[PDB]
There are 4 protein chains.
Amino acid sequence: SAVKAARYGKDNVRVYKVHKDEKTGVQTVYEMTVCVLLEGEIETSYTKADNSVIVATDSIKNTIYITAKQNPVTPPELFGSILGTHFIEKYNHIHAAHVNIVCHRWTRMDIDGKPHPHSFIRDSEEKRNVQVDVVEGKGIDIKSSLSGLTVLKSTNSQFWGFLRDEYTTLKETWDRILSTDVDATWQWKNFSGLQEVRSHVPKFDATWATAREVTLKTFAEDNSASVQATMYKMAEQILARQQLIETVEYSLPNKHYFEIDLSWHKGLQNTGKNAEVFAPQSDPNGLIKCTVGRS
Amino acid sequence: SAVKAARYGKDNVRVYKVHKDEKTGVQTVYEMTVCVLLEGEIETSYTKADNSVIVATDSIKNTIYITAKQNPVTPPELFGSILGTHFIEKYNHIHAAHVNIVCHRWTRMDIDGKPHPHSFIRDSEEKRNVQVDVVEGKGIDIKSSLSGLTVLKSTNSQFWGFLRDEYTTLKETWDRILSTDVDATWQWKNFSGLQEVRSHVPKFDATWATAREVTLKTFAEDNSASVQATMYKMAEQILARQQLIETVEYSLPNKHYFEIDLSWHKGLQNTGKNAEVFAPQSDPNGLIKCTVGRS
Amino acid sequence: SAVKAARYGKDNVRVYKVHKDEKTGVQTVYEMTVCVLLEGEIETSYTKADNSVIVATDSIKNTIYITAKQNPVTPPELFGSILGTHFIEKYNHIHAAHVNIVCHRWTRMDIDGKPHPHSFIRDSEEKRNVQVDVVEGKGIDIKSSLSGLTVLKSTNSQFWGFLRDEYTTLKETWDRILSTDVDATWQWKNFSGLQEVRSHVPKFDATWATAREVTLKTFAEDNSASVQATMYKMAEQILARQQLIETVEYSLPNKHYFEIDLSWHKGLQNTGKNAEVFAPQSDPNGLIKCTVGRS
Amino acid sequence: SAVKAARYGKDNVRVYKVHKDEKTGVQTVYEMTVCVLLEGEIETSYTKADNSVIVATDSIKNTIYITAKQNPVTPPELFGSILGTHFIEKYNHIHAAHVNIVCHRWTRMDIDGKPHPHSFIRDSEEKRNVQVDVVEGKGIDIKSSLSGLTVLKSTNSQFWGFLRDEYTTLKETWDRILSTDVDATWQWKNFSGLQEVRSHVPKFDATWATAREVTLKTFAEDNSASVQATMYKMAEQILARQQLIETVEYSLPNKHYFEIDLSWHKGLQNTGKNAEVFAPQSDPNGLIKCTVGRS
Ligand SMILES: O=c1[nH]c(=O)c2[nH]c(=S)[nH]c2[nH]1
Ligand SMILES: O=c1[nH]c(=O)c2[nH]c(=S)[nH]c2[nH]1
Ligand SMILES: O=c1[nH]c(=O)c2[nH]c(=S)[nH]c2[nH]1
Ligand SMILES: O=c1[nH]c(=O)c2[nH]c(=S)[nH]c2[nH]1
Ligand SMILES: O=c1[nH]c(=O)c2[nH]c(=S)[nH]c2[nH]1
Ligand SMILES: O=c1[nH]c(=O)c2[nH]c(=S)[nH]c2[nH]1
Ligand SMILES: O=c1[nH]c(=O)c2[nH]c(=S)[nH]c2[nH]1
Ligand SMILES: O=c1[nH]c(=O)c2[nH]c(=S)[nH]c2[nH]1
Ligand code: NA
Ligand code: NA
Ligand code: NA
Ligand code: NA
């Protein structure tokens with residue numbers, strides 16, 4: 001036998017950081033969950049019980065906290081690039097570092113219509129994420145994403161004109177509910193190293209804001225022919241608004257809301273134009289994916 | 001043997017309802033999860049295989065949807081009272097109906113600074129709940145609550161002066177992080193029946209807004225001596241602002257954020273006034289409860 | 001305002017203990033999750049910021065580990081009684097201690113048909129639980145339970161003869177699937193204190209084994225008229241086999257498996273006696289409860 | 001813009017099937033969760049609102065149930081190959097079908113030491129899975145796996161000799177607890193189509209049994225130098241026992257159990273050889289991966 005691929009590290013590392021402005025007295029908090037997996041000349045730890053090549057996962061954890069102490073943790077594209085660069089520079093035998101960051105929401109509270117200097121709310125489980133792959137000799141590859149953005153529109157979605165054969169029972173519709181959990185990922189141009197990532201730092205928060213804004217406005221305003229056609233519109237707009245990204249990927253479930261025929265009970269009309277009460281369906285669900293690139 | 005207590009029904013019934021204003025073109029959505037458990041002269045279904053006394057759970061489900069078609073589903077205190085009243089009136093042998101409602105958030109979207117007529121976002125997993133117990137001969141007992149309201153303050157929490165003995169290792173602190181998931185419940189005066197519940201309908205949304213506002217402002221502004229002392233302040237203020245509630249109950253976890261001593265690494269100072277990076281702890285957690293009534 | 005009820009403590013405390021027999025070389029492991037909530041003369045911590053009455057939750061955590069070091073952790077009825085007794089004896093102002101224990105499964109592995117001396121498997125998420133309430137002046141109240149025992153029978157369940165009215169659509173059946181997650185609780189006679197609990201220690205594991213065996217055999221062998229009638233049989237048998245318990249409580253969901261009519265496709269017959277492929281339903285679910293006592 | 005990749009279909013489709021032997025009266029149940037994603041000449045559904053190319057996801061769901069009615073659902077490698085082959089043969093414009101199957105455990109009950117003909121238990125959340133990729137022109141690619149197999153050994157694990165530098169605080173150990181959730185995947189030789197998959201059908205259950213047996217016995221018997229070294233041993237043994245698989249992949253978390261120093265309390269000794277009570281850690285966790293192929 002032979003090792004064909006190997007990586008190891010620390011997952012589910014919870015990290016909080018606070019920034020304090022003691023001129024203004026305003027505090028700002030950041031919370032994330034970090035994973036770091038390393039690759040390199042490590043196969044003998046698997047084949048020969050040679051632990052000399054292992055940077056212990058506990059030491060990887062220590063390194064996350066130390067790096068967070070010594071650097072800004074935002075934007076996450078930058079923090080992940082600094083962290084991954086550390087590992088491949090510090091350790092001659094480590095040749096790639098793979099950093100995932102899940103960013104959790106702590107939105108400043110407004111109290112009596114003024115922002116509070118040190119109190120925050122989790123306004124939803126939506127996440128902002130990065131995957132930063134630092135590969136020695138080959139730069140830094142970054143994917144950015146938003147996930148867990150759960151939305152619903154009650155009309156201005158349609159689905160008709162689909163293939164119909166002996167497996168088909170679904171009725172065409174010109175007016176349905178559409179609800180989904182948005183997972184949207186933008187893939188950046190390869191960066192040559194940390195310096196280039198630093199040179200683009202303002203584009204990271206700006207591109208996440210553009211992706212979110214395009215998602216929300218397109219979802220709300222598109223009289224949707226299908227999940228596929230709406231998601232494609234979102235992707236092309238994001239590509240047109242940030243030339244340093246190469247592709248945009250969407251993964252959208254179709255979280256179904258079924259009409260309920262009540263006409264068996266006192267003639268009640270609850271279907272079609274009369275549909276008011278629906279049964280949200282936990283499973284199954286459609287799942288629609290696409291990756292959009294430039295022509 | 002003998003049956004001492006028995007109840008049965010349908011749980012986890014997902015319900016959506018839409019309201020359409022075709023003068024303004026504005027749609028409004030509501031989504032909940034309902035459970036209904038019935039009690040009455042039903043013991044023979046357990047002891048003698050007598051199913052004649054059972055209102056099938058599927059029929060209970062049908063009844064939830066029909067009631068939702070025929071009535072407003074808001075406020076949930078009203079909807080639960082209508083639903084529970086139906087069961088004890090319709091069925092001579094059913095003497096109590098226990099209705100739980102979990103209300104899910106679908107907040108209208110703002111697009112380009114205007115509210116959208118039919119697009120919504122799940123802005124957090126915070127719930128609004130009711131437990132409505134309709135008991136024949138004895139009125140309607142309602143508990144209202146908010147749950148899953150997750151908050152954090154980065155300073156202006158303290159914990160010192162606690163008991164110290166041979167089991168104690170915890171250091172006193174005059175400046176700590178406080179984070180919790182708020183579960184707050186207000187218990188209404190018994191209502192004599194549906195008419196009385198209807199007569200108070202505006203107080204339900206108003207009291208939920210008061211509880212939420214008091215929670216948020218007290219959490220943000222109290223320089224907290226302990227979780228106990230802060231939660232008590234919230235409860236007394238809610239009681240002073242709604243005379244039709246009898247008690248306020250809080251259940252608050254203390255979701256710990258631990259300092260990380262890094263001085264073992266290049267002398268790094270990250271404790272006390274220098275604390276910037278912390279380790280959020282998933283478990284264990286303090287859990288602090290109280291029920292506050294009037295003197 | 002006034003405090004009407006208050007309790008505080010530590011939740012979600014994970015605990016492992018190992019026993020090593022260095023005559024036989026056999027090791028045995030135990031893993032649980034513990035919560036302890038205390039009551040007593042503590043209201044001033046809520047109303048007056050008086051932390052002197054608080055046994056810090058961290059010290060409660062320390063106490064769980066110390067008690068686990070100094071005593072057997074099995075059976076959980078005993079461990080919870082020792083722990084709760086400690087708090088009300090150690091602290092004059094603490095008058096009740098409420099201990100919940102969730103016991104996790106670590107079943108010894110068999111390798112090449114022999115039990116392994118120190119390797120274990122989690123053979124399901126079924127739990128064994130206790131709630132032990134130690135109340136000064138009033139003894140020790142113990143509830144024991146098994147939960148998360150998930151079972152299915154593919155036939156020999158029926159449901160017919162139920163009430164039928166204008167809310168009913170469900171078809172009678174003489175042959176259905178029955179699946180549930182069993183939650184079964186037995187409530188012990190009040191114990192006067194720790195000595196009496198100790199005097200009954202072998203009855204705790206024996207009664208849990210009886211409850212489990214009765215559950216499994218009755219579920220498998222009863223040609224069930226309804227969930228209610230089967231669960232009642234289980235409860236009466238457990239009461240007849242342990243005179244020191246006063247009541248048995250069951251809470252059983254009816255996790256539905258729906259037939260799928262495929263006759264629209266090439267005449268396929270998949271209903272009634274021809275039913276082979278079914279759609280398991282995640283929600284909603286029936287929920288059936290009863291508490292059985294002695295006549 | 002241009003579509004670079006696209007796939008769509010139905011996820012989270014719950015399926016039960018029963019087999020009845022009415023000579024022996026024995027029933028056997030199978031339960032799974034299925035996902036099917038299709039690829040092909042479908043980009044115009046995204047770019048031009050052309051739904052003519054879409055096989056509706058509801059029809060994909062119908063097709064899963066129909067295929068389950070008409071064929072055995074075991075072994076899952078076979079069922080997934082039949083299902084995926086259907087889509088690329090039925091639809092000229094569909095060129096790949098990607099089928100995931102999660103198989104749930106329903107183990108026959110033993111009652112009074114005899115197997116019961118129609119009653120079953122969920123003996124753990126361990127799953128058996130397949131990913132079957134049917135690609136027109138290019139055969140069938142199958143990955144098989146076991147996941148959620150949670151194990152613990154209380155001794156006969158070590159971790160010493162790892163790299164030590166200014167980021168290292170971890171103490172070497174010659175006797176630790178090792179616990180993990182096993183995710184193990186074997187990748188089969190490409191099959192030319194359904195006929196070849198059928199020709200190997202007995203090897204699927206046999207190879208899953210070999211992988212499980214090798215995992216369990218190696219975990220229990222290896223005096224482990226590290227997670228890496230133990231997992232590698234498992235992989236090489238599986239490769240030596242099934243020549244039709246090309247690689248074996250393991251992904252193992254190191255679910256940490258920390259010693260608890262209690263010597264601050266009455267001199268209690270609970271570390272090193274005296275370690276009996278431990279704190280299981282929910283997060284973070286080491287994560288160790290490797291893919292093993294043949295030399
Ligand atoms: O692409 C990745 N996504 C993740 O969410 C993740 N988590 C860990 S660990 N590695 C990775 N890689
Ligand atoms: O937008 C949709 N895309 C699909 O592929 C599909 N299939 C079914 S069913 N509804 C929908 N809706
Ligand atoms: O008090 C209750 N709370 C709940 O969340 C609930 N759910 C069901 S079912 N009954 C109840 N009762
Ligand atoms: O506010 C608090 N109440 C407590 O009872 C307690 N115990 C520990 S530890 N921290 C805290 N904080
Ligand atoms: O009766 C109880 N059951 C539990 O599961 C639990 N958990 C905590 S904390 N107290 C309690 N009390
Ligand atoms: O055993 C049952 N009890 C019930 O109350 C009920 N209701 C429906 S529907 N099925 C069942 N089955
Ligand atoms: O490789 C896969 N694994 C899965 O668990 C899965 N689920 C769906 S949908 N496709 C896939 N593909
Ligand atoms: O087996 C192990 N592999 C590792 O890479 C590692 N790191 C730490 S910490 N413990 C362990 N154990
Ligand atoms: Na390197
Ligand atoms: Na009645
Ligand atoms: Na006391
Ligand atoms: Na094809």
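What's counted below: heavy atoms across the whole structure, side chains too, no hydrogens, waters or symmetry copies. Order of the sequence lines sets the chain letters (A, B, ...), proteins ahead of strands, with each chain counted from 1.
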What's the spacing between [X] [atom1] and [Y] [atom2] if we round to 0.5 Å?
| X | Y | atom1 | atom2 | answer |
| --- | --- | --- | --- | --- |
| A:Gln187 | A:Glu249 | CD | CD | 10.0 Å |
| A:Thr185 | A:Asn129 | OG1 | CG | 8.0 Å |
| D:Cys103 | D:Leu146 | SG | CG | 11.5 Å |

* **Partners passing ring-ring contact (aromatic ring centres under 6.0 Å, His included) against D:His116 (at least two apart in sequence or in another chain)** =>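 Partners of D:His116 by the ring-ring contact (aromatic ring centres under 6.0 Å, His included) criterion, ordered by chain and then number, come out as D:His118.
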
We want to know whether [X] and [Y] form a side-chain donor-acceptor pair, criterion being a heavy-atom distance below 3.5 angstrom.
| X | Y | answer |
| --- | --- | --- |
| D:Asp123 | C:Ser124 | no |
| D:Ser154 | C:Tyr16 | no |
| A:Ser45 | D:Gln228 | no |
| D:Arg108 | D:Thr28 | yes |

* Hey, is CD on D:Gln195 packed in by over 12 heavy atoms from elsewhere, all under 6.0 Å? ->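 Incorrect, the count does not exceed 12.
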
Using distance only, find each side-chain donor-acceptor pair of residues 73-82 of chain D under 3.5 Å and give its atom names and separation, not counting sequence neighbours.
{"residue": "D:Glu77", "atom": "OE1", "partner": "D:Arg128", "partner atom": "NH2", "Å": "3.1"}
{"residue": "D:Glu77", "atom": "OE2", "partner": "D:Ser144", "partner atom": "OG", "Å": "2.6"}
{"residue": "D:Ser81", "atom": "OG", "partner": "D:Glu77", "partner atom": "O", "Å": "2.8"}

* Results of side-chain contact (heavy atoms from CB on, under 4.5 Å) for D:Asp222 - residues two or more places apart only ->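 In terms of side-chain contact (heavy atoms from CB on, under 4.5 Å), with neighbours along the sequence ignored, D:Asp222 is linked to D:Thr218, D:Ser224, D:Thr230, D:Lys233.
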
* **Heavy-atom donor-acceptor pair, D:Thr180 side chain to D:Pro253 backbone, under 3.5 Å** =>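 A pair under 3.5 Å: yes.
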
* Sidechain-backbone polar pair: C:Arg105 side chain, C:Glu126 backbone, donor-acceptor under 3.5 Å ->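 Judged by distance alone, no pair lies under 3.5 Å.
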
* **Aromatic ring pairing A:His93/A:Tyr91, orientation class (parallel under 30°, perpendicular over 60°, tilted between)** =>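 Ring orientation, 0 to 90° scale: perpendicular.
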
* To do: Would you name the heavy atoms of D:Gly286 and D:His256 that are closest together and state the gap between them?
  =>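 Between these two residues, the closest heavy atoms are N-NE2, 3.2 Å.
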
